[PDB]
Amino acid sequence: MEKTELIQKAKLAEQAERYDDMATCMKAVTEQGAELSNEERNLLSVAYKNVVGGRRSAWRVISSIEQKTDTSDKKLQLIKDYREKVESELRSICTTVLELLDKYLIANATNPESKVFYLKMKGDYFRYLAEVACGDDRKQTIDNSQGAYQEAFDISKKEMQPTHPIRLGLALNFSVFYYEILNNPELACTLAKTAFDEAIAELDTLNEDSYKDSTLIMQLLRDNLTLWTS
Amino acid sequence: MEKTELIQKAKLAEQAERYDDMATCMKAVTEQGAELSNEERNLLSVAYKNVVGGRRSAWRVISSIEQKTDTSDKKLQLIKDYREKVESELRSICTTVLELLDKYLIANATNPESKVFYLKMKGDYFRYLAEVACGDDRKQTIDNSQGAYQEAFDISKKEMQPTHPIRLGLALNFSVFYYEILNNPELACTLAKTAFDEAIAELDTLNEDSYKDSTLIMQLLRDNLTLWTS
Amino acid sequence: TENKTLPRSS
Amino acid sequence: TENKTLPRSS
Ligand SMILES: [Mg+2]
């Protein structure tokens with residue numbers, strides 16, 4: 001198709017909440033081989049987040065039912081096979097996203113804003129893989145998630161400002177990675193708290209537009225902080 | 001797979017909000033040829049309602065965007081083609097359901113409750129087809145929906161107490177058919193209000209297992225009435 | 001505000 | 001309760 005038409009279709013799919021179509025469009029765009037604008041980059045993120053989010057939600061529900069099911073119940077096997085089907089779909093989506101990030105987005109990124117965004121995305125989708133992994137598979141996926149987040153963190157601290165929404169979002173998801181994946185609430189709180197404080201310090205230097213964008217994410221940081229300190 | 005495991009899987013899919021899988025399970029149960037219990041009928045209904053609802057909402061969004069688009073705009077064709085794609089998915093779902101209803105369910109129903117439930121479903125999915133139809137096709141689809149509703153409405157008035165959830169749900173959806181499809185608000189209000197009043201006059205004798213369902217439907221009847229009279 | 005029908009999609 | 005991450009599914 002044409003990139004212009006793929007993006008129109010993707011915005012239409014987004015409105016209609018047809019995230020499978022939206023993702024297929026943005027994957028086609030990414031395969032055109034050119035760098036994505038901020039708009040297109042956000043379309044790709046929203047599309048695949050919604051596509052994978054449905055599987056994360058389903059996996060959570062099914063896993064909760066499995067856990068509370070008596071280990072001797074002859075109905076447990078079916079619950080387990082269905083959980084594995086959902087896991088298979090989730091791994092397929094994450095693999096598709098990480099493959100795109102590996103062969104196009106990170107490779108051809110020509111500015112630090114995009115590089116931080118794509119590496120953040122790489123950590124996000126290794127994190128989703130770690131949520132469902134076991135054994136050494138879990139170890140390696142966690143290592144890969146941490147690695148991506150860490151490089152995005154270094155670049156964001158070197159090239160961007162503490163109030164930039166992408167940097168605040170990176171801090172948000174990276175802190176969650178420490179809390180849920182590595183089970184280190186102390187480091188998770190320190191990371192979110194540091195990013196939050198460094199942001200309020202420089203809130204002076206923003207118009208009400210960027211102030212709104214940054215403040216919206218900072219509220220999510222302080223929400224996780226409030227939840228974690230209880 | 002066996003019926004017991006299909007039901008089992010369908011309830012899992014419902015909890016996981018994987019309504020495609022759910023509908024696939026309930027279609028398999030239906031095609032096994034045995035009459036459905038009240039539980040199984042409601043699982044079939046819930047599955048395909050969520051499956052088709054996603055397309056109905058998508059179609060509305062895309063149609064609204066199409067209607068706001070200038071007929072000269074060259075992107076209109078992309079919008080139209082997308083609308084027709086979703087429309088085609090919606091017709092396929094409705095056709096599948098109506099085929100199940102006529103081939104298995106209505107044919108083998110041995111009690112008036114089942115027959116009224118399936119005939120109500122028939123009115124529902126002809127009504128969804130009517131939402132997206134035009135011209136004479138729309139008229140004939142409207143007649144098919146009204147015919148099914150009317151048949152279920154007579155059987156329910158002759159065989160069920162006004163507090164029966166199936167008779168109330170039939171009144172709710174039939175009155176909405178009058179309001180949105182036939183564009184007759186006065187008859188819609190009278191239909192909903194009549195079923196509401198007849199149910200109130202008998203509420204004291206209702207079984208505690210049907211409180212939650214009957215009263216839920218009565219809340220919806222009243223909400224529609226409040227909206228239509230304000 | 002839509003007209004309410006049953007069943008309702010989640 | 002759950003941990004907030006961005007972007008969030010609608
Ligand atoms: Mg409606």
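Residues numbered from 1 in each chain as written, not as in the entry; some residues may be left out. Chains lettered and ligands numbered in written order. Heavy atoms only, no water.

The PDB entry lists chain A under the name 14-3-3 protein theta, from Homo sapiens. Under the heading Subcellular location, UniProt records this for chain A: "Cytoplasm". Per its UniProt entry, chain A bears the Sequence similarities comment "Belongs to the 14-3-3 family." (UniProt positions renumbered as here; feature names shortened; annotations may be inferred.)

> Break down the arrangement of the chains for me, with residues and values.
Here the protein chains form three pairs of chains in contact, of which the pair with the most contacts is chains A and B. There is a gap between chain A and chain C: no contact, and a shortest C-alpha distance of 13 Å. Left apart from each other, chain C and chain D have a closest C-alpha approach of 13 Å. (Contact = heavy atoms within 4.5 Å.)

> Hey, could you go over the environment of B:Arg138 for me, with residue numbers and the actual values?
Residue and element names in this part refer to chain B. Within the secondary structure layout, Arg138 lies in helix α6 (residues 135–159). Owing to a relative accessible area of 26%, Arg138 belongs among the partly exposed residues under this scheme. Sequence separation between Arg138 and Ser63 is 75 residues, and the spatial gap between their C-alpha atoms is 16 Å. In contact with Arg138, other than residues within four places in its own chain, are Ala130, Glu131, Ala133 and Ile181. (Helix = DSSP H or I, 4+ residues; strand = E, 2+ residues; numbered from the N terminus. Buried < 20%, exposed > 50% of the residue type's maximum accessible area, 1.4 Å probe, protein only.)

> Please give an account of the nonpolar core that cites residues and values.
Ranked by internal contacts, the top residues of the largest apolar core, which has 156 residues, are A:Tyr48, A:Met121, A:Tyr125, B:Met22, B:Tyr48, B:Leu101 and B:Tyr125. Looking at which element gives the most residues to this core, the answer is helix α4 (residues 76–108) of chain B, with 14 residues. Apart from the residues within four sequence positions on either side, A:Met121 is in contact with A:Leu44, A:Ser45, A:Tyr48, A:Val97 and A:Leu101. (Core = buried A, V, L, I, M, F, W, Y, C linked by side-chain atoms within 4.5 Å.)

> Please set out the packing of helix α4 (residues 76–105) of chain A against helix α1 (residues 3–16) of chain B residue by residue, giving values where relevant.
In contact at an axis separation of 11 Å, α4(A) and α1(B) are set at 50° when each is read in the N-to-C sense. Comparing their axes, α1(B) and α4(A) come out oblique. Remark: the crossing between α4(A) and α1(B) carries right-handed chirality. On α1(B), the residues touching A:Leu78, A:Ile79 and A:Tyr82 of α4(A) are B:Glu5, B:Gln8, B:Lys9, B:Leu12 and B:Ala13. (Axes fitted to C-alpha atoms, helices over the stretch in contact; angles between N-to-C directions. Parallel < 35°, antiparallel > 145°, perpendicular 65-115°, else oblique. Left-handed = near helix turned anticlockwise from the far one by under 90°.)

> Account for the interface of chain B and chain C, naming residues and giving values.
Every contact between the two is made by 23 residues of chain B and, on the other side, 10 residues of chain C. Between chain B and chain C, the buried area comes to about 1,400 Å², and carbon and sulfur atoms account for 52% of it. For the chain B face of the interface with chain C, the top three residues by lost area are B:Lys49, B:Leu220 and B:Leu227, together amounting to 32%. Across the chain B-chain C interface, the total number found is two salt bridges. (Buried area = accessible area lost by both parts, 1.4 Å probe. Salt bridge = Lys/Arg side-chain N within 4 Å of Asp/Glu carboxyl O.)

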